[PDB]
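Let me begin by presenting the structure, written as structure tokens, before commenting on it.
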Amino acid sequence: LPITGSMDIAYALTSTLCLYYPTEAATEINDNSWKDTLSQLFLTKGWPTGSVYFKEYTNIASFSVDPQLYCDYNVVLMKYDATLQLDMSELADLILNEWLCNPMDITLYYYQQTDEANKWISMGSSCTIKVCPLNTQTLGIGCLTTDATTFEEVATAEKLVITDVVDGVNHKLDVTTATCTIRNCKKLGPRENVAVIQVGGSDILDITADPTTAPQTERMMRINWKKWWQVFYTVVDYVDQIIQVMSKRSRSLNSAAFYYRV
Amino acid sequence: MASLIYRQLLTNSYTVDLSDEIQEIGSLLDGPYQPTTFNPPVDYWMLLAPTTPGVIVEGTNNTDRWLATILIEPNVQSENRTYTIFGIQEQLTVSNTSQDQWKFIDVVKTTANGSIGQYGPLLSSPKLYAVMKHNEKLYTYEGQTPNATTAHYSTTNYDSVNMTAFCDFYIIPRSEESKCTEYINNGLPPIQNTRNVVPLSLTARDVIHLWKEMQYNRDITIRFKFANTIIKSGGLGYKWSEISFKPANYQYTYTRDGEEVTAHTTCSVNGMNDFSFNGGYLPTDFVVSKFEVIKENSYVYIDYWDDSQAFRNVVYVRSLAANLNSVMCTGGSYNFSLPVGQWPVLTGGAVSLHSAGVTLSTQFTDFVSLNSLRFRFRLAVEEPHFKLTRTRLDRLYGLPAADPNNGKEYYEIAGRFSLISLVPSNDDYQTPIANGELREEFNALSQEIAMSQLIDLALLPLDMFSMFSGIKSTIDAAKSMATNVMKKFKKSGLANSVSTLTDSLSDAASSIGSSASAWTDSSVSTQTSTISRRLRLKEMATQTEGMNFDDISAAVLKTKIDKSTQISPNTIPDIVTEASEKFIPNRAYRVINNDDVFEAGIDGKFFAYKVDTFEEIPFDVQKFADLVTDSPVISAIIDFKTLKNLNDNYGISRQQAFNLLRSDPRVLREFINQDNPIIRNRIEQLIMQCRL
Amino acid sequence: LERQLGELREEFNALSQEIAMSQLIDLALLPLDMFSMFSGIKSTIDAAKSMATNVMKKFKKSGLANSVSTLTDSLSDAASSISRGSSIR
Amino acid sequence: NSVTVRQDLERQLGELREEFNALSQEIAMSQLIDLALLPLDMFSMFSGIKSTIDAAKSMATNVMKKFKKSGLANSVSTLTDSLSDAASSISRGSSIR
Amino acid sequence: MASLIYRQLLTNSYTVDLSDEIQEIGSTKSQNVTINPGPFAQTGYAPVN
Ligand SMILES: [Ca+2]
Ligand SMILES: [Ca+2]
Ligand SMILES: [Ca+2]
């Protein structure tokens with residue numbers, strides 16, 4: 001509904017933060033009470049004890065399998081590897097944005113993408129997606145609808161894939177459903193709950209499949225690093241700025257899930 | 001406005017001829033039947049389609065005559081051939097002058113221990129024979145096709161004659177003798193129109209076949225296969241005659257989300273193209289007559305059934321659709337048994353099957369009949385080409401009939417189907433898990449319809465779409481409803497009267513009133529009644545003003561049809577025709593001519609009055625006829641008696657009187673809403689007169 | 001098969017005399033339609049085909065149909081050709 | 001005699017609609033009014049379309065088939081059904097004002 | 001007027017069912033196509049062992 005304000009009038013502790021980090025960070029820190037230490041430092045910054053939850057993932061690929069972000073504010077310390085630019089971009093596109101997903105039954109129906117905001121998101125232990133475009137009479141173009149060996153391969157044993165095919169053409173898919181699930185997802189907008197801190201190389205995240213745009217939102221941060229202790233001290237010391245960068249979720253409602261709230 | 005439905009139904013009836021032509025093309029053969037011995041029932045043609053050279057059939061009276069049928073391939077000189085006839089082996093000298101038509105010959109033995117005779121030559125390309133035993137005579141066909149006539153033989157004890165037969169058979173009643181002749185002289189119809197599809201022995205004893213919607217969506221796997229008829233010809237064996245698709249059947253079982261679904265399917269192909277390889281005319285050249293290949297112009301139909309609640313709830317279907325995957329059918333290699341030299345081989349040939357709709361059907365078995373679903377697949381040829389080695393037919397496309405299965409046990413098409421079947425549930429519960437009076441009810445409904453809303457409906461034009469778009473029927477019924485209504489509307493009484501009026505006018509174009517017109521063809525009572533009965537057609541001709549009696553009738557018909565719960569699709573045409581021909585039998589029509597009104601009814605009541613004061617004037621029949629000939633005629637929805645009563649008991653304004661005389665829907669509804677008893681009574685009488 | 005048509009032309013031209021003007025005007029007023037035009041034909045000899053469709057098959061190709069199509073195309077082009085502006089005589 | 005020739009992909013409907021809307025520039029008001037007065041029928045509408053496409057598998061039939069399922073057809077059906085129900089002295093609902 | 005096109009496309013839709021019946025029955029009763037041979041005879045070698 002309309003929200004009327006005023007351009008002259010002078011208008012004059014209850015949230016949770018989740019830090020997601022890789023295992024090697026804890027392995028290098030090597031202090032059984034480092035999480036408690038960071039909790040006390042966050043307390044000094046103004047976060048009551050227990051308001052900060054630390055989550056450990058082993059790899060970017062592993063964390064990409066159904067990321068479970070369950071805090072009011074989420075900060076993901078993602079390490080950089082020059083051989084994983086697309087994987088990092090896919091993970092950032094998945095978490096930094098909000099997707100309305102519906103199930104896809106590849107073994108029965110054909111599918112198409114409605115518009116530029118719709119894509120196919122596949123997750124699991126191993127996603128090996130092959131596609132075959134079809135014409136108006138349901139015949140494959142450059143592929144035989146029955147022989148899946150002729151299909152065109154868009155993924156290979158991927159933990160996470162965000163596939164984008166030409167809009168308005170039916171496709172037949174041969175995604176390995178045993179170790180992967182593929183969903184028809186429409187991007188609604190930005191997920192302000194989560195911020196990504198790339199602890200590593202250059203700024204390379206392309207969270208828009210559009211080739212003409214690689215926007216760098218305020219929630220996509222980057223830091224050079226040589227010690228995880230220094231990285232974590234930076235995060236704690238500038239928590240205020242990170243929270244100011246983020247915002248609370250505006251999504252009305254979706255599937256129920258666990259959360260870490262007050 | 002609502003009367004437009006009658007005009008459209010009568011105008012668009014010309015499409016009924018197209019529909020009837022399609023249905024006539026639709027016009028079923030019982031068969032095929034396995035080779036067995038049985039007594040032919042009387043009044044029935046037996047059609048026979050042979051497959052291998054030999055004795056087609058052998059039947060005898062066992063008293064005075066023993067008849068049989070013999071088939072010989074063409075291009076055979078005078079040779080002595082042996083045949084097992086009547087359980088007795090005998091040699092007969094026969095020749096085949098023809099080169100491309102099989103020879104059917106009837107064999108006759110007047111005595112058990114006599115000498116056989118040959119008669120009734122038949123040169124048939126489609127290889128079909130026919131027999132009857134009725135009218136104290138035996139009918140057999142003779143004459144080269146298509147000039148094949150029927151020959152009659154006299155063999156006593158006609159109704160107690162038994163046949164021993166050795167091929168595929170069909171039974172066709174006497175009345176379909178023309179269809180029998182056409183089939184024998186031009187070939188069988190495509191196999192999809194056969195009852196048994198496959199032989200299925202001779203056990204033809206099987207039987208064929210408020211509402212709530214029930215969905216029975218399911219996942220299915222159609223497993224099917226192809227079958228062949230490789231009919232080698234005569235001679236040294238260097239030439240064949242036919243490699244053709246035949247229907248095949250397959251029973252299998254598969255898991256369907258917990259339940260072991262045992263299913264039965266039959267596959268039959270239609271529209272194949274008959275390639276040929278005429279190697280010449282030498283006795284030892286590789287000659288082939290008809291090898292049929294399926295290509296883009298051919299369809300394949302698979303009837304599928306299973307022992308499931310879904311498939312025992314298929315009697316009445318309100319919606320049916322499938323989204324099956326596509327499958328590849330590749331051909332095998334068929335090595336010819338050439339007596340000498342290299343063996344030709346029909347290797348290769350692929351096609352792709354994609355779904356192209358689904359409809360109800362009826363499979364049959366040797367013991368029971370199944371209510372199956374027919375899936376029709378369009379074809380698409382693919383990269384594997386079929387060649388005919390040791391010949392010059394190379395690089396041809398399509399799937400031949402040599403070995404369509406290519407050694408595979410079955411072809412599989414997995415997918416899903418969704419159906420909404422109607423079940424007769426009379427209660428909120430008890431959903432079943434399987435599947436004069438009408439006129440009186442329609443008349444009874446007339447007492448619960450609101451007049452103002454009825455006038456609104458009458459003002460609404462009811463076109464072909466609007467009239468029948470609100471009635472929901474079965475999948476088979478909803479397809480043909482406008483056609484059904486028109487089929488009888490174009491033959492009703494109203495259509496006949498329209499035709500007679502048009503013919504009378506046309507004949508007059510090449511006398512109650514001053515001028516002799518076809519429109520105007522107690523004496524005054526009789527003349528005005530006849531003229532009014534003819535004027536009833538002015539509404540159909542669209543030469544009126546204001547509302548129409550048939551506008552009211554159409555509105556009431558639509559309202560009652562929507563209300564009724566005891567109207568069947570096969571009943572709607574009759575009801576619509578009856579409503580058009582009967583509703584409001586008593587109709588009155590008025591003509592206004594410079595402050596004078598002449599009103600006449602079908603019942604012989606005639607009035608003449610002044611517009612301003614509604615004072616009666618002596619009726620002038622001649623002036624009335626002259627005016628009604630061409631000037632617009634207003635239906636007297638509010639007749640003169642009601643108008644005078646209303647004027648006396650109420651102060652009708654000049655505009656109100658003008659509009660009421662002109663049959664203004666606005667003023668009529670205005671008075672109904674004001675609740676004027678007189679006008680409400682008049683409209684109620686009009687409504688109640690809409691009887692059946 | 002136009003010899004029969006020519007004989008029919010000669011036959012039809014001789015029926016002009018046998019016409020009544022007032023009854024002709026009445027018939028002209030009567031709205032002949034797909035049913036009225038062909039319903040009352042003389043006898044409808046054995047298995048009369050779809051006469052309406054047979055007539056329309058040639059009617060839709062006659063010169064009048066071409067003129068109607070030309071008029072519709074001309075009006076469409078006129079509505080389409082702002083750019084031409086004043087390029088029609 | 002060859003493998004089935006796959007029909008060419010047609011177009012993206014979004015961009016087709018975009019181009020169709022863009023065509024509104026090349027419209028003259030007076031000539032459009034004349035064309036609106038001319039009653040387009042089953043013949044005039046489709047006579048000059050698709051030039052001379054060979055098959056022309058009853059383009060009118062295709063249009064009718066996809067049109068009777070449109071929202072406009074459903075709205076007409078609902079209006080007719082509502083009028084019939086009202087004429088049948090339907091039991092008016094509690095909040096049917 | 002020009003709205004006649006919409007009104008007719010609604011009214012005449014009942015012919016869609018006739019078209020569908022035509023299509024299905026024609027598919028069911030599509031006659032076999034004859035591949036007529038060319039003028040040239042297909043004579044080949046003789047059967048040679
Ligand atoms: Ca390929
Ligand atoms: Ca990936
Ligand atoms: Ca896309």
Side-chain angles (χ1 to χ4, degrees), chain A residues 22 57-67 76 78-97 99-102 104 106 110-135 139-176 179-188 196 198 204-213, chain B residues 326 328 352 382-383, chain D residues 3 6 9 11-16 18:
Chain A
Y57 65 87
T58 182
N59 288 317
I60 293 169
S62 60
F63 185 77
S64 298
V65 179
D66 300 356
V76 183
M78 186 170 59
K79 203 179 72 159
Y80 168 79
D81 199 338
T83 67
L84 278 67
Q85 285 184 20
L86 178 54
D87 291 358
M88 299 167 61
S89 299
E90 287 177 327
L91 178 56
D93 188 9
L94 184 62
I95 65 187
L96 297 179
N97 294 316
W99 302 81
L100 185 161
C101 295
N102 314 131
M104 285 176 57
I106 56 117
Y110 303 144
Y111 292 96
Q112 64 178 55
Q113 295 185 347
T114 300
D115 203 351
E116 57 85 37
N118 173 225
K119 306 190 180 303
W120 301 336
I121 301 184
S122 299
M123 286 181 287
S125 307
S126 173
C127 298
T128 301
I129 305 180
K130 305 161 79 71
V131 307
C132 178
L134 313 172
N135 62 338
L139 272 59
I141 306 175
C143 39
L144 191 65
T145 289
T146 64
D147 188 327
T149 58
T150 64
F151 286 15
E152 282 66 49
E153 184 167 354
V154 295
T156 301
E158 278 286 316
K159 296 285 192 175
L160 167 61
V161 193
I162 305 182
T163 298
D164 163 46
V165 291
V166 179
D167 305 333
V169 306
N170 294 303
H171 285 271
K172 180 170 182 58
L173 293 81
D174 194 302
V175 54
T176 61
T179 68
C180 181
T181 173
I182 182 172
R183 309 172 187 80
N184 179 37
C185 299
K186 308 179 195 66
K187 171 152 64 179
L188 307 182
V196 173
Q198 176 179 335
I204 315 179
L205 309 181
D206 175 18
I207 60 171
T208 66
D210 189 328
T212 64
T213 60
Chain B
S326 63
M328 278 296 293
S352 186
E382 298 294 349
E383 298 176 2
Chain D
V3 182
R6 280 127 177 76
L9 298 169
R11 186 72 196 268
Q12 191 199 82
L13 261 56
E15 293 175 21
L16 185 83
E18 287 177 0

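Numbering of ligands and ligand atoms starts at 1, following listing order. Sequence lines set the chain letters: A, B, ... in the order given, protein chains first and strands last, and positions in each chain run from 1. Note: hydrogens, waters and symmetry copies are ignored here, and every other heavy atom, side chains too, is used.
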| task | Looking only at N, O or S atoms, find the one in A/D164 nearest to the Ca ion (ligand 3) and name it. | result |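 For A/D164, the N, O or S atom at the smallest distance from the Ca ion (ligand 3) is OD1.
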| remark: Among the N/O/S atoms of A/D167, the Ca ion (ligand 3) lies closest to OD1
| note | CG of A/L84 to CD1 of A/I60, rounded to nearest 0.5 Å, is 5.5 Å
| message | Return the CD1 to CE distance between A/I207 and A/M88, rounded to the nearest 0.5 Å. | response |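 Answer for the CD1-CE pair, A/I207 versus A/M88, is 13.0 Å.
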Judged by atom type as modelled, is there a donor-acceptor pair below 3.5 Å linking the side chain of [X] to the main-chain atoms of [Y]?
X: A/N59; Y: A/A61; value: no
X: A/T145; Y: A/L139; value: no
X: A/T150; Y: A/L144; value: yes

| Counting no waters, what protein N/O/S atoms lie under 3.0 Å from the Ca ion (ligand 1)? | A/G142 O, A/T150 O, A/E152 OE2
| task | Could you tell me whether the side chains of A/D206 and A/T208 share a donor-acceptor contact shorter than 3.5 Å? | result | yes
| message | Taking the side chain as everything from C-beta on, heavy atoms only, tell me whether A/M78 gets closer than 4.5 Å to A/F63. | response |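 The answer is no, as the side chains (C-beta and beyond) never meet within the 4.5 Å cut-off.
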| field | Residue among A/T176, A/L173, A/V131, A/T181 satisfying side chain to side chain contact (heavy atoms under 4.5 Å, CB included) with A/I106 | value |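 The residue from A/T176, A/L173, A/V131, A/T181 that satisfies side chain to side chain contact (heavy atoms under 4.5 Å, CB included) with A/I106 turns out to be A/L173.
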| task | State whether A/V166 contributes an N/O/S atom found under 3.0 Å from the Ca ion (ligand 3). | result |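 Given the 3.0 Å cut-off, A/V166 does not count as a ligand of the Ca ion (ligand 3).
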| task | Return yes when at least one N/O/S atom of A/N118 is nearer than 3.0 Å to the Ca ion (ligand 3), and no when none is. | result | no
| A/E158: which N/O/S atom is nearest the Ca ion (ligand 2)? |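 The Ca ion (ligand 2) is closest to the A/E158 atom OE1, counting only N, O or S.
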| message | Restricting to N, O or S atoms, which atom of A/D87 is closest to the Ca ion (ligand 2)? | response | OD1
| task | Applying salt bridge (charged side-chain N to carboxylate O under 4.0 Å, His left out) between A/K187 and each of A/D93, A/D210, A/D164, report the one that passes. | result |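 Single salt bridge (charged side-chain N to carboxylate O under 4.0 Å, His left out) partner of A/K187 among A/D93, A/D210, A/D164: A/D93.
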| message | What I want to find out is whether D/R6 reaches B/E382 closely enough, with some N-O distance under 4.0 Å, to be called a salt bridge. | response |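 B/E382 and D/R6: salt-bridged.
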| said: Between A/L86 and the Ca ion (ligand 2), is there a contact where an N/O/S atom of the residue lies under 3.0 Å from the metal? | reply: no
| request: Compute the angle centred on the Ca ion (ligand 2) spanning O of A/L160 and OE1 of A/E90, and express it rounded to 10 degrees. | output: 90°
